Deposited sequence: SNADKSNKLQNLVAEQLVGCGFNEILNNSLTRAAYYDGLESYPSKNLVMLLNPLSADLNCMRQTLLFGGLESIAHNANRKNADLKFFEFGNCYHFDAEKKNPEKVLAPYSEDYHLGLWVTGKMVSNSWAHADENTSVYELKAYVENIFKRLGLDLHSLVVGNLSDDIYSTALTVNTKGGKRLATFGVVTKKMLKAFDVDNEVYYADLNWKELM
């Protein structure tokens, strides 16, 4: 109920900020994870006879679905998408966790150099954090450069639980998914924010 009410509130808040809520399938492609360090293939919840099926595993991250939606969007530089959803993980060796993903897509002039950056995403994230009554001074923030992120921040409790990751998707990953304009991605560990 706490989750459900707070999900509703976070959604209303994000829609009020011009976000669109998306829904992607939990069924996904194992190949997306081939070679990955942050979401390794060995931790995929694989399905039976996976050679004979295109969708052959359960998603370990929301990220790839979001990239598919962006790539497929008729209007694809002003996109703000969010998705609440279960992800799946193999080490009970199997686990199901609930995530909130955010996707924000993004001139010449001196006057208008102050506009599209990761910081607009960080603001969205902070505002979610404040709406959940998170103590901002408790947070331990670290740095990440990834197979998914060229740069990004990790956000942990003083106790060590991962609360969030957010940053700038590598251009390579964007090329892989047929997306041209910059993408800022946040993965919020929803259970840990209660």
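Report task. Compare the deposited sequence with the modelled residues and state the ranges that are missing C-alpha positions. Result -> According to the deposited record, C-alpha coordinates are absent for 1-3, 80-81, 97-106, 122-124, 134, which together make up the missing parts.
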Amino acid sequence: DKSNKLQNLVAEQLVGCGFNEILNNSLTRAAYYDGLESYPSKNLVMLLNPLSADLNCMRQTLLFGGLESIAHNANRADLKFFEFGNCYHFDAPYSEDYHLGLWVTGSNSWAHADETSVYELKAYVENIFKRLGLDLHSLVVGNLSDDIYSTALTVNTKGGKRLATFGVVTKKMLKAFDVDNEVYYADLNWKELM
From here on, numbers count along this sequence of modelled residues.
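Query - Between 167-175 and 13-21 (mean CA B-factor, as deposited), the higher - result: Here the higher of the two C-alpha B-factor means belongs to 13-21.
Query raised in the report: On average, which has the higher Cα B-factor in the deposited entry, 31-39 or 158-166?
Result: That would be 31-39.
Requested in this report: Among all modelled residues of this chain, ranked by Cα B factor, put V104 in the bottom, middle or top third, i.e. lowest, middle or highest.
Outcome: It falls in the bottom third of the chain.
Query raised in the report: By the record's CA B-factor, is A111 among the lowest, middle or highest third of residues in the chain?
Result: Ranked within chain, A111 CA B lands in the middle tercile.
Query raised in the report: Relative to the other modelled residues in the chain, which third contains the C-alpha temperature factor of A92: lowest, middle or highest?
Result: Middle third, going by the recorded CA B-factors of the chain.
Query raised in the report: For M46, does the deposited CA B-factor place it in the lowest, middle or highest third of the chain?
Result: Its C-alpha B-factor, which the entry lists for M46, ranks in the lowest third among residues of this chain.
Query raised in the report: Considering only modelled residues of the same chain, in which third does the CA B-factor of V140 rank: lowest, middle or highest?
Result: Its C-alpha B-factor belongs to the highest third of this chain's values.
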